[PDB]
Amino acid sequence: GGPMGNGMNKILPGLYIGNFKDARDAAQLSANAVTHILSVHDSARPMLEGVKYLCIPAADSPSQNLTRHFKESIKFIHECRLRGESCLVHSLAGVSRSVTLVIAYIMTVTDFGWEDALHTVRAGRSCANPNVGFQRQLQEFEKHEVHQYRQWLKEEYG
């Protein structure tokens, strides 16, 4: 689909990943019934009408901590999806920052480790490829914390 994808892509029902242009595209947002946007990039802030935002200023760097944003991202995504609505998670390219948060979400709502969750994302968005630092954070999450996050999900929403 090219290095910034070909348009926003459905990953699971009610969950899409795209680039910054996709996130401003009224036609795509309308077509995909997107009512929530999780913006994770340098300059993230609410932009459009008709959309609930979660904005996480973050760099696409191994020095960027995204683990500390997993819980708020998962809550935001999950509450949207439980209401039958659709969430777009976007970054600059829809390759790394956004992909990482979606992987953490998939890992929490399935029994998948990060590699199986990445496979799931790539099936919908072929350009998905978190930076090697984000891969390490996902590996640590898999080892030490995803089990607690799964239980939290069950307790809060199950």
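Note that residue numbering begins at 1 and tracks the sequence as displayed.
Undergrad: So, looking at the entry's B-factor column for Cα atoms, which has the higher mean, 31-39 or 58-66?
TA: Higher mean C-alpha B-factor in the PDB entry: 58-66.
Undergrad: Regarding 16-24 and 146-154, which shows the higher C-alpha temperature factor on average in the entry?
TA: Comparing averages over the C-alpha atoms only gives 146-154.
Undergrad: Per the entry, which of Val95, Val89, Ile103, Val132 tops the list for Cα B factor?
TA: Going by the entry's C-alpha B-factors, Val132 comes out highest.
Undergrad: Lowest, middle or highest third of the chain for the C-alpha temperature factor of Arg45?
TA: Ranked within chain, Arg45 CA B lands in the highest tercile.
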